[PDB]
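Down below is the structure, laid out as structure tokens.
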Amino acid sequence: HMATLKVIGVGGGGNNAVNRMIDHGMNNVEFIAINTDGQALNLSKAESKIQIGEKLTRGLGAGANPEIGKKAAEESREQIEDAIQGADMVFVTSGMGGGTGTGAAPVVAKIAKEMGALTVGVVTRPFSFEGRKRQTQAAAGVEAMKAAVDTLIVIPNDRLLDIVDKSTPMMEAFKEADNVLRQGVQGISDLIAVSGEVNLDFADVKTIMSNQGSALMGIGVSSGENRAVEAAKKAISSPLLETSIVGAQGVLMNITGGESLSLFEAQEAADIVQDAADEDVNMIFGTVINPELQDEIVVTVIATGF
Ligand SMILES: Nc1nc2c(ncn2[C@@H]2O[C@H](COP(=O)(O)OP(=O)(O)O)[C@@H](O)[C@H]2O)c(=O)[nH]1
Ligand SMILES: NC(=O)c1c(F)ccc(OCc2nc3cc(C(F)(F)F)cnc3s2)c1F
Ligand SMILES: [Ca+2]
């Protein structure tokens, strides 16, 4: 089995994330760009582009109206279905609070889910500086997304204000939010491609992520003394995510290390994650030994079921 992965941007912010991922370089992933705005869509780097709602919008965006995004996606339902064909896992990425993403992303997600793809949403909430109506529209979008997806990751854009100094470029801050999605997608690609010593596969991902609600996903990288604890703590920290590790009922955890990876340090790392999560956690633990590594380890945590 070699899972077919698709990443679907919906609306401006979603397609921004897709464009920046295509620039970064991602092999064996199909990118799909969905927008009402034909001008923006023409500039996308994606090899699959779906202009939605042209009869409704005349090729403009949705003008921040979620109803127009929803109706646009419904107008173009067949074209969305065609683009998703074959997917085993779909990431739907979108900025909540505008028109196209808020309205169309839940329609796209439901199409993917009903095609049998594991459907993961990765969405932003607006900055508080964008105001109340934007935040209220976004909240309705988040709720609609939750209904439509298997698992949802929410990045409040206000969390970016916690990781910048007064001079950090806005584009550099956006790249931090992009990395949540990128690391998730790359993590799945790695799981599918690499044989673990304690091997995890796509069925494990489905067990942890299918028909859940909110999710945390995170990676931590460290070396030297206390590397296992440090990497595990970093993985669960998730400063940009709305969802925390506390109370998680399902966890997929992997440790990748060199030949030096010790049993003791695997336990230390796993204990950090366990102590943070529910009493009845269903933890699926994996390990990869990569002999090309020296002293670095990478801990990956996906947590669901709250
Ligand atoms: N982090 C991040 N947030 C974005 C970006 N673009 C837009 N946003 C957010 O996404 C929300 C919706 O904007 P947009 O996606 O352009 O609207 P739509 O095209 O009508 O779906 C905005 O209110 C912002 O909070 C981006 O590139 N990065
Ligand atoms: N132990 C393994 O088989 C193994 C591997 F070989 C390579 C990489 C591994 O872990 C990476 C993962 N990344 C994600 C990302 C996601 C998510 F949330 F969809 F982005 C879900 N599950 C995983 S598992 C492994 F668990
Ligand atoms: Ca594997």
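Throughout, residue positions are numbered sequentially from 1 according to the sequence presented.
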Are any side-chain N or O atoms of [X] and backbone N or O atoms of [Y], one a donor and one an acceptor, separated by less than 3.5 Å?
{"X": "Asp165", "Y": "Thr168", "answer": "yes"}
{"X": "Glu259", "Y": "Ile289", "answer": "no"}
{"X": "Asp204", "Y": "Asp201", "answer": "yes"}
{"X": "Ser44", "Y": "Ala40", "answer": "no"}
{"X": "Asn42", "Y": "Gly38", "answer": "no"}
{"X": "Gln212", "Y": "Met209", "answer": "no"}
{"X": "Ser76", "Y": "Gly53", "answer": "yes"}
{"X": "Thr57", "Y": "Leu60", "answer": "yes"}

Hphob cluster co-occupancy, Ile255 + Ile272, side-chain heavy atoms under 4.5 angstrom: yes
In terms of heavy-atom contacts, does [atom1] of [X] have more than 12 from other residues, nucleotides or ligands at under 6.0 Å?
{"X": "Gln267", "atom1": "CD", "answer": "no"}
{"X": "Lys49", "atom1": "NZ", "answer": "yes"}
{"X": "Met171", "atom1": "CE", "answer": "yes"}
{"X": "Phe264", "atom1": "CZ", "answer": "no"}

Looking at [X] and [Y], what are the two nearest heavy atoms and their distance?
{"X": "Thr243", "Y": "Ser214", "value": "OG1-CB, 3.4 Å"}
{"X": "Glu176", "Y": "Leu160", "value": "CB-CD2, 4.3 Å"}
{"X": "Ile80", "Y": "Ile50", "value": "CA-CD1, 3.8 Å"}
{"X": "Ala64", "Y": "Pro66", "value": "O-CD, 3.4 Å"}
{"X": "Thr151", "Y": "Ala215", "value": "CG2-CB, 3.0 Å"}
{"X": "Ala138", "Y": "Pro126", "value": "CB-CD, 3.2 Å"}

Per-pair distances, 0.1 Å, donor-acceptor, side chain in residues 21-34, under 3.5 Å, sequence neighbours excluded:
unit_1, atom_1, unit_2, atom_2, d
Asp23, OD2, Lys45, NZ, 3.3
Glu30, OE1, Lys6, NZ, 2.8

Spacing of [atom1] belonging to [X] relative to [atom2] belonging to [Y], to within rounding of 0.5 Å:
{"X": "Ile219", "Y": "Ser238", "atom1": "CD1", "atom2": "OG", "answer": "12.0 Å"}
{"X": "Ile297", "Y": "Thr256", "atom1": "CD1", "atom2": "OG1", "answer": "9.0 Å"}
{"X": "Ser223", "Y": "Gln294", "atom1": "OG", "atom2": "CD", "answer": "10.5 Å"}
{"X": "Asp82", "Y": "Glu78", "atom1": "CG", "atom2": "CD", "answer": "7.5 Å"}
{"X": "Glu230", "Y": "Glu268", "atom1": "CD", "atom2": "CD", "answer": "10.5 Å"}
{"X": "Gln249", "Y": "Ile208", "atom1": "CD", "atom2": "CD1", "answer": "10.5 Å"}

Can you confirm whether [X] sits close enough to [Y] that some side-chain heavy atom of one is under 4.5 Å from a side-chain heavy atom of the other?
{"X": "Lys175", "Y": "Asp178", "value": "yes"}
{"X": "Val301", "Y": "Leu252", "value": "no"}
{"X": "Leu241", "Y": "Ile155", "value": "yes"}
{"X": "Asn254", "Y": "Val288", "value": "yes"}
{"X": "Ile284", "Y": "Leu200", "value": "yes"}
{"X": "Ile302", "Y": "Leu216", "value": "no"}
{"X": "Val142", "Y": "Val154", "value": "yes"}

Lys234: partners by side-chain hydrogen bond (donor to acceptor under 3.5 Å, both in side chains), with sequence neighbours left out: none
Starting from [X] and following side-chain heavy-atom contacts under 4.5 Å between hydrophobic residues (I, L, V, M, F, W, Y), which residues can be reached?
{"X": "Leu263", "value": "none"}
{"X": "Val164", "value": "none"}
{"X": "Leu293", "value": "none"}
{"X": "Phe306", "value": "none"}

Steps toward side chain to side chain contact (heavy atoms under 4.5 Å, CB included) verdict (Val281, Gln274): CA-CA 8 Å; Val281 73; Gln274 284 280 347; 3.3 Å; yes
For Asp295, salt bridge (charged side-chain N to carboxylate O under 4.0 Å, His left out) partners two or more places apart: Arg227
Residues in salt bridge (charged side-chain N to carboxylate O under 4.0 Å, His left out) contact with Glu172, at least two apart in sequence or another chain: none
Test log, rule side chain to side chain contact (heavy atoms under 4.5 Å, CB included), inputs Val90 and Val120: CA-CA 6 Å; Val90 172; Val120 180; over 6 Å; no
Identified side-chain contact (heavy atoms from CB on, under 4.5 Å) partner of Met217 from the options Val180, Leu181, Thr300: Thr300
Modelled atom types, side-chain donor and acceptor of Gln39 and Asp37, under 3.5 Å: no
Which atom pairs, donor and acceptor, lie under 3.5 Å between side-chain atoms of residues 92-112 and protein residues at least two apart or in another chain?
unit_1, atom_1, unit_2, atom_2, d
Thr93, OG1, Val122, O, 2.9
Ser94, OG, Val10, O, 2.9
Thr100, OG1, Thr36, OG1, 2.7
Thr102, OG1, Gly97, N, 2.8
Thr102, OG1, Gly98, N, 3.2
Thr102, OG1, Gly98, O, 2.7
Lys110, NZ, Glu114, OE2, 2.7

Residue pairs passing the side-chain hydrogen bond (donor to acceptor under 3.5 Å, both in side chains) test where at least one lies in residues 119-148, sequence neighbours excluded: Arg125-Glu242, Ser128-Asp158, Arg132-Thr136, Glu143-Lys146
Identify every side-chain donor-acceptor pair in residues 188-197 under 3.5 Å, counting partners at least two apart or on other chains, and give the distances.
unit_1, atom_1, unit_2, atom_2, d
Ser189, OG, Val185, O, 3.2
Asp190, OD1, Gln186, NE2, 2.9

Those residues that, when tested against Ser210, pass side chain to side chain contact (heavy atoms under 4.5 Å, CB included) (two or more places apart): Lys113, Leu118, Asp150
